[PDB]
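A.B. asks: Questions regarding the structure given below will be posed in turn.
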Ligand SMILES: Nc1ncnc2c1ncn2[C@@H]1O[C@H](COP(=O)(O)OP(=O)(O)O)[C@@H](O)[C@H]1O
Ligand SMILES: Nc1ncnc2c1ncn2[C@@H]1O[C@H](COP(=O)(O)OP(=O)(O)O)[C@@H](O)[C@H]1O
Ligand code: ICS
Ligand code: CLF
Ligand code: SF4
Ligand code: FES
Ligand code: FES
Ligand SMILES: [Fe+3]
Ligand SMILES: [Mg+2]
Ligand SMILES: [Mg+2]
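Residue numbers (UniProt numbering), protein chains in the order written: chain W, 2 to 122; chain Y, 2 to 122; chain F, 4 to 480; chain A, 2 to 523; chain E, 3 to 276; chain S, 2 to 281.
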């Protein structure tokens, strides 16, 4: 899995190679490579680790489970539209915005964008 | 070279492999792969092939030459800030917005975004 | 003096051109004002040359193969394409190296693909792989291969990157593809940039996961010194006498292992900003290695640079620096005492592509000479930012000067000496004006350090005060 | 450390003890150099015969070639016409390299321009470059004619010169009557001599194709001379002198000897002498046309035979005794002028020198490389001197040339040892001179390294180089030498015999060891 | 240094109304300049008297590029006070048609043609669609005041609604505001009070109501403004009245867009549409 | 040696006036210190540069292309003996995070290398009203080693002090951020000196010098200068110096003990600020 991190705080986009499916989440991949996504909780209830995910290989999109905990947090920061909530419930396809501490790396190429601010602006 | 094409007109982002430095430009790679960037001239003056290019591997950004014809068209479309013009003139670093018919593929990973509209909104 | 005279001279020189050429060339000629900090409003640089005006610029292939990659001695450099490009650049630049040519060093050799018509029509990738195989059996002691591409390589659409990857994986060899086609870029500067990018992307990050190298708090790396006539060796002896350890040399007398050992080094000493600022910035951003620009042209600049370098270490290095300065003081004092009275007051015009016009101004001023004209074929606006302070008021500044422009400027100004390349030497010698080659040092040198300052003073006195310059006119005429 | 009274340049300053210690420390610490014994073993391996079979086997890698590309010859040909600017359509690096090359060989200014084609022209072609460059050059340097060549970039692009120049004239960039001859000179075909041939044919066709109606062969009672790619001014001078002493009207077409040798008198002359446009226009009126270097003038021969209706004689290069005799005989037959007594006396003097130097020359082994006509003339002269050319190399020779040279070597007992190599470079020649040691090499400055290599094996394996050909960079003013004619033959003879004598003097100079043969009289 | 823009559907006399307006302002000691943003370059012919002013886009392509273009070659003062620039546009189907306006407006700032002697700057901008370089005055805050030239016909009122919608979008970003409505009359009934009804519902004001005349037809052949031809004409005084209210207009409002039915209901009551 | 400090508190209590006066005292003892204004309104460098509201990094990065193109000298000015001054600024109200400027400015200072070796103190003045966002970033990313909370006798300022101590203890394990003390700025209210002493004892920290109010502060502010320079011989000048000596001599950096809202109410009635409260 190839992950491209992107942020206005980062002078250059960083490209990393990651192992898919690890129990350590995208939060794990970011922390080994020194990517400063704000992580301000250990229970997954804040919105601080909100990131925007783009699947660069649009054909190789993997079905996943949107956990009820992540779904409610994404709604608490106004980052889960109703159409994307229905797509996850019916088609099991990931939404545009994810929580990095709750996102499992899949075997594809991803672009991860964050602003350095917690979810909810 | 890996190129990721992205557009709201495209249901899925398309990933292609391209040979770097070909006489055929980004317009060649797009046309061979069925990516519908609007091409409306053969002299490189219309500006309809405007695309937004993101270097995903920020460490692997290659120095290039911004020709006077592409530069002037980008000003006429308005997609050339004064800082990017100075960056290209002094550091030979590509601007964010490019003309696909005049863009030479380099040995890196690129994200190419277009709206299906000609340059100049 | 005579700033208005200089402006009028520029105006009357520009009259021969058509409207487009005149309008563009007006932006590239200036009268120096040392109070200016931003050159770009005053003068323009790094633009395309006007067609059919006899520019002195080269191509990106010259800036990459001939400048950056060529001096590396234990690597084999392949001129991919037709034969001319490799033939004309063979051993034309004096980058000094220690080795046995053809066995473990290959600097003065010409390896080429020698493209024919069928290569152009069908491609040269299979030929490239076969050539790589042939090189390894013929030269088993080479420590790496670089493929410098010429114009048809990019013009016909060959994939040298994939060939390099496959062959390097197969043979466990470092194969660096350089897309330095001559039509890319307006001058050699983009060749410098492309070569630096190739170094960064295929060479620099190889000894990243190893730590077997035993480092030292006094570790430095010389960056952008190509050992022209032995300059880098004089600079190295001056640095080592100061108490530092020089790990790398880019790229005169340079080795691939020295390039790979540059991440370990504590400090980067960059002699040429134009050709190797890119890799210095990359190393600073990645490995945290600071870098600084120094000048070893003439005693004043040499002492200033030595003190500035010593200021970056502890007090023992400063004491050793004072020791070195005290040791070398009488030598250059004697050199000045011998040669300054012969050279005092003479006026010199310069035209070298980047850094060096500004770099040698101090050495000339150390002998009582003054630089009326300074000029660059390929420098960017930052180089002009750096050179405006070092040039006197109301002096001429030129960028990408044409042959006609330079001839007219020299005719009006009438300097006592001109320093430029081989393509102007015989033009200005037939005009009765002494000329020194400022690229190759006229097959002399080195000019760096005090040892080089002695030779520089001797050479300037030799050429300027030569009897043949009074024999130019026939007695009956 | 320097002494102000005796200042030392790089040699021998870097032989000082401190510099030696510095270099040793650098090599030991950071270079990771191979063991010296390993380097010596690999060098000795490169000397041997199994290495020569590997070196001969290669079909792709070229190491140290002995040829240049076509636009160099095109520029040299264009320089031989009066008030003409060579113009190369393509990238500027080509022109910079051409000018540097010719500046280093001739030590003279070389004027040439490009249209500086870049990525813009790489994508959209270079027509605007052509228009702007033609107008700019005509306005700035004021030539009477502009001769257009092409680089490899233009040929791959497929930019065509005729349409570009016609559009330049039609759109008012240059006057419609301004002469702009052109030629296509791809660097991936042939070599520099091919470019010379292409440029000459382009100019001749430009000036003598649309008016053949009023041309009568022999009406001006002159003979056209086409020298070809020539880098010796003495050759132009000797051809002119030999034809002038014979009372023969002649027209030297594309002679650059004036612009390549201009006086230093306080002013710079961009143009000097050259073939006039009137001489080119009147060329088909000549009795005949002779080609001094036939083996790289083939398209020119086709044009002259099929358009000017000239019966071009089958002559070799006027090198040596026999071929100079044949050239003078053909000129006498064509022009109806007898050979004067001065030429007979000069030939007798050459024969006198040959008989005087014959004892040293007899049986010397020579390895030589160069352009086809020059190489074959040199081989012929070596055969006439009793010398043995054992290694004959021509990187830009074809199979017909090889057949002709083999036929030449067959008609003499001194060519039994001789073998002919085509398409081989100077690494092949290094292998040849290692495994089959000759007495001397004859070639350009690039052979100086081969000598170096031989000296590394030992003094008894050293093969000295003799500098005849192009380019010569490490010696001064050798471009004023004459290779053609009796004068050229005697200059070559003097060089050869004195090189042999100098080598013998160096070998027999050791006191009480070899100086019993250090003879005053030789 | 007030800069205004004339926006409206093509064929509603906007180019002539801007030129007669400009001619009306030149006499009263005011130096103004007209910038023609309409693709067809007929917006300065009555001032310059020229057959067809060479556009910036036209002469930039022939001279290589816009850098090789001189201001004295693009800016002609056919009338001494009045300055006329024609932006021009690309050929149909070749890129965005409004990109000629971006090049010309940027070129004029670069050369400083807005310096020290301009009282009014007028932009005659295509109003059929507001996008690309045509929306550039409103988007870039180039024209603070906007006047819409409309008509009794439904498409003109629809065009006026669209421009107001675009002004609202850029109200926060820029000072640009609707300055008023200009009603150009075709010989139909119940027009002036119809557009007054439109303005009253937009929160803006009517400025004037220029009626159709035959004096303008005589001026067309002359390639001259009515003011310079016949300053005693009833239309020529009408244009002075419209000009004088433009200078002395003070209220500039953020418009209120009008829906499809509400615009439609205005047409049905007046009988313009059944 | 690179002693990084931060000053927190409610908006409008006097953080900027206390910080600039403290910093002016430190330079008087020959200490090279730097002020980084992390307050959105960006007025924490008025009395050091004397000019005006200092140009912020947000404004300079916006007028230029981006942050890396912006110059270090352009935003980091020298005043009052060269004490370096920088202002983070903030984004447009209602757009993004109001603390985004703090995240941007600290990253720019680190990348350039403005944290040079010969600096003794670095002070951050940050609005403490909300802890979250870029205002918590100095605590979260270990930017500030010690924190001093300006507090008054008001209920809000006391509540804000408890909120900031809650932030410190959350990030105490991951970094060296600790509580240095509390500064009591006087509104001249009765029985506030002991109230802030009591709160500091409840929190488990000391109390830094208490600052009585006076109109000499406004006198130096209308001329745009620190009180210590405007009068060096005033008692407030020595009082600001006394606060600075205790800051340098401070060594009790503790992990606070945040108290419950009802405890704040109970401790307010015992000093007469809050009237005793009965549910019925
Ligand atoms: N005030 C007016 N009175 C009478 N006729 C007018 C008036 N204004 C414009 N016209 C006519 O309306 C037509 C539209 O003119 P023009 O401005 O060129 O079109 P557009 O509004 O599309 O630019 C012109 O032919 C002109 O004769
Ligand atoms: N020590 C003091 N004595 C008297 N007034 C003060 C003192 N410190 C600050 N002030 C006043 O309090 C007001 C607000 O203080 P300020 O420093 O702006 O608060 P903030 O902490 O929000 O920056 C200022 O107008 C100032 O005059
Ligand atoms: S590399 Fe460059 S043209 Fe920096 S291409 Fe050129 S041996 Fe010059 S002014 Mo020849 S940027 Fe070196 C140069 Fe300077 S070859 Fe030498 S002298 S200091
Ligand atoms: S700009 Fe540079 S030096 Fe020029 S070709 Fe291009 S890479 Fe090379 Fe070599 S072969 Fe001859 S000289 Fe050229 S025309 Fe074809
Ligand atoms: S994190 Fe705090 S400062 Fe940022 S937007 Fe949310 S409430 Fe505002
Ligand atoms: S760190 Fe709190 S939800 Fe991820
Ligand atoms: S297709 Fe017209 S500018 Fe690229
Ligand atoms: Fe000469
Ligand atoms: Mg109109
Ligand atoms: Mg404040």
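Ideal placement from N, C-alpha and C gives every residue a C-beta, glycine not left out.
Give the residues of chain W in contact with residue 148 of chain S, contact being defined as C-beta atoms less than 8 Å apart.
C.D. replies: By 1-based counting over the sixth chain, the position of residue 148 of chain S is 147. Near residue 148 of chain S there are no residues of chain W at all, since even the closest Cβ is about 18 Å away, more than 8 Å.
A.B. asks: Does the Cβ-Cβ distance between residue 71 of chain S and residue 226 of chain S come in under 7 Å?
C.D. replies: Position 70 of the sixth chain, counted from the start, is the residue given in the question as residue 71 of chain S. Position 225 of the sixth chain, counted from the start, is the residue given in the question as residue 226 of chain S. No; because the gap between Cβ atoms is not below 7 Å, this pair is not in contact.
A.B. asks: Hey, would you say the C-beta of residue 187 of chain E is under 6 Å away from at least one heavy atom of ligand 9?
C.D. replies: Here residue 187 of chain E refers to the residue found at position 185 when the fifth chain is read from its first residue. Checking the Cβ of residue 187 of chain E against ligand 9 gives no.
A.B. asks: Would you mind sorting residue 36 of chain A into buried or exposed? The rule is 16 or more other CB atoms within 10 Å of its CB.
C.D. replies: Counting from 1 along the fourth chain, the entry for residue 36 of chain A is found at position 35. Per the 10 Å Cβ criterion, exposed.
A.B. asks: What did DSSP end up calling residue 252 of chain E once you bin it into helix, strand or coil?
C.D. replies: The sequence position of residue 252 of chain E within the fifth chain is 250, counting from 1. It is coil, neither helix nor strand.
A.B. asks: Please determine, among A:131, A:225 and A:69, the residue with the shortest C-alpha to C-alpha distance to residue 89 of chain A.
C.D. replies: Position 88 of the fourth chain, counting from 1, holds the residue named residue 89 of chain A. Cα-wise, what sits closest to residue 89 of chain A is A:131.
A.B. asks: Between residue 492 of chain A and residue 337 of chain F, what straight-line distance do the alpha-carbon atoms span, to the nearest angstrom?
C.D. replies: By one-based count along the fourth chain, residue 492 of chain A stands at place 491. By one-based count along the third chain, residue 337 of chain F stands at place 334. Computed Cα separation, rounded: 49 Å.
A.B. asks: Whole angstroms are fine: how far does the CA of residue 85 of chain F sit from the CA of residue 52 of chain E?
C.D. replies: Numbered from its first residue, the fifth chain carries residue 52 of chain E at position 50. Numbered from its first residue, the third chain carries residue 85 of chain F at position 82. Approximately 58 Å between the Cα atoms of the pair.
A.B. asks: In angstroms with no decimal places, state the Cα-to-Cα distance between residue 82 of chain S and residue 35 of chain S.
C.D. replies: Reading the sixth chain from its first residue, position 81 is the one you call residue 82 of chain S. Reading the sixth chain from its first residue, position 34 is the one you call residue 35 of chain S. Going by the C-alpha atoms only, they are around 11 Å apart.
A.B. asks: With a threshold of 7 Å between beta carbons, is residue 121 of chain A in contact with chain Y?
C.D. replies: Here residue 121 of chain A refers to the residue found at position 120 when the fourth chain is read from its first residue. Yes - at least one Cβ of chain Y is within 7 Å of the one on residue 121 of chain A.
A.B. asks: Should residue 12 of chain Y be labelled buried (16 or more other beta-carbon atoms within 10 Å of its own) or exposed?
C.D. replies: By 1-based counting over the second chain, the position of residue 12 of chain Y is 11. By the neighbour-count rule (16 or more Cβ atoms within 10 Å), residue 12 of chain Y is not buried but exposed.
A.B. asks: Under a CB-based cut-off of 7 Å, is residue 22 of chain W close to chain S?
C.D. replies: Along the first chain, read from residue 1 onward, the residue named residue 22 of chain W stands at position 21. Chain S, which has no Cβ nearer than 7 Å to the Cβ of residue 22 of chain W, makes this no.
A.B. asks: Thinking residue 117 of chain A and residue 52 of chain F are a contact (beta carbons under 8 Å), I'd like their distance in whole angstroms, please.
C.D. replies: Taking the fourth chain and counting its residues from 1, the one referred to as residue 117 of chain A is at position 116. Taking the third chain and counting its residues from 1, the one referred to as residue 52 of chain F is at position 49. Correct: roughly 4 Å between the Cβ atoms.
A.B. asks: Just the Cα atoms here: how many angstroms apart are residue 136 of chain F and residue 212 of chain F?
C.D. replies: Here residue 136 of chain F refers to the residue found at position 133 of the third chain. Here residue 212 of chain F refers to the residue found at position 209 of the third chain. The straight-line gap from Cα to Cα measures roughly 29 Å.
A.B. asks: Would residue 229 of chain A be called buried (16 or more neighbouring beta carbons within 10 Å of its own) or exposed?
C.D. replies: In the fourth chain, the residue the question calls residue 229 of chain A occupies position 228. With 16 or more other Cβ atoms within 10 Å, it is buried.
A.B. asks: Could you work out which residues of chain F lie near residue 66 of chain E, taking near to mean beta carbons separated by less than 9 Å?
C.D. replies: As a position in the fifth chain, residue 66 of chain E is number 64, starting the count at 1. Within chain F, the residues near residue 66 of chain E are 23.
A.B. asks: So, residue 258 of chain F versus residue 32 of chain A, is the Cβ gap smaller than 7 Å?
C.D. replies: For the purposes of this step, residue 258 of chain F is taken as the residue at position 255 of the third chain. For the purposes of this step, residue 32 of chain A is taken as the residue at position 31 of the fourth chain. A contact, by the Cβ cut-off of 7 Å.
A.B. asks: Can we count residue 37 of chain W as close to ligand 1, meaning its CB is less than 6 Å from some heavy atom?
C.D. replies: Working through the first chain from its first residue, we reach residue 37 of chain W at position 36. Every heavy atom of ligand 1 is 6 Å or more from the Cβ of residue 37 of chain W, so no.
A.B. asks: Residues of chain Y with CB closer than 7 Å to the CB of residue 59 of chain W, please, in chain order.
C.D. replies: As a first step, residue 59 of chain W must be located in the first chain, where it is residue number 58. 13, 14 and 15, listed in chain order.
A.B. asks: Using a C-beta cutoff of 7 Å, does residue 41 of chain Y count as contacting chain E?
C.D. replies: As a first step, residue 41 of chain Y must be located in the second chain, where it is residue number 40. For residue 41 of chain Y, the answer is yes, since a Cβ of chain E falls inside 7 Å of its Cβ.
A.B. asks: Assuming contact is defined by CB atoms lying nearer than 7 Å, are residue 252 of chain A and residue 216 of chain A in contact in what I supplied?
C.D. replies: As a working note, residue 252 of chain A is residue 251 in the fourth chain. As a working note, residue 216 of chain A is residue 215 in the fourth chain. Cβ atoms of residue 252 of chain A and residue 216 of chain A: not closer than 7 Å.
A.B. asks: When you compare the CB of residue 300 of chain F with every CB in chain A, is at least one pair closer than 7 Å?
C.D. replies: Taking the third chain and counting its residues from 1, one reaches residue 300 of chain F at position 297. Cβ-Cβ to chain A under 7 Å: no for residue 300 of chain F.
A.B. asks: Counting only beta-carbon atoms, is residue 121 of chain Y nearer than 7 Å to chain E?
C.D. replies: Within the second chain, residue 121 of chain Y is the residue found at index 120, counting from 1. True, the Cβ-Cβ gap to chain E drops below 7 Å.
A.B. asks: Using a beta-carbon distance cut-off of less than 9 Å, what residues from the region 69-97 of chain S approach chain Y?
C.D. replies: Against chain Y - using a Cβ distance shorter than 9 Å - the residues of the region 69-97 of chain S are 70.
A.B. asks: Is the CB-CB distance between residue 109 of chain S and residue 58 of chain S below 7 Å?
C.D. replies: By 1-based counting over the sixth chain, the position of residue 109 of chain S is 108. By 1-based counting over the sixth chain, the position of residue 58 of chain S is 57. Yes, the Cβ-Cβ distance between residue 109 of chain S and residue 58 of chain S is below 7 Å.
A.B. asks: Can you tell me which residues fall inside 5 Å of ligand 1, judged by beta-carbon distance to its nearest heavy atom, and keep chain order?
C.D. replies: With the cut-off at 5 Å, the residues found are E:12, E:13, E:14, E:15, E:16, E:17, E:18, E:212, E:214, E:215 and E:218.
A.B. asks: Under 8 Å: do the region 171-180 of chain F and the region 125-141 of chain F share three or more Cβ pairs, one atom per stretch?
C.D. replies: Verdict: yes, contact present.
A.B. asks: Alpha carbon to alpha carbon, what distance is there between residue 217 of chain E and residue 241 of chain E?
C.D. replies: For the purposes of this step, residue 241 of chain E is taken as residue 239 along the fifth chain, with counting starting at 1. For the purposes of this step, residue 217 of chain E is taken as residue 215 along the fifth chain, with counting starting at 1. Taking the straight line from one Cα to the other gives about 12 Å.
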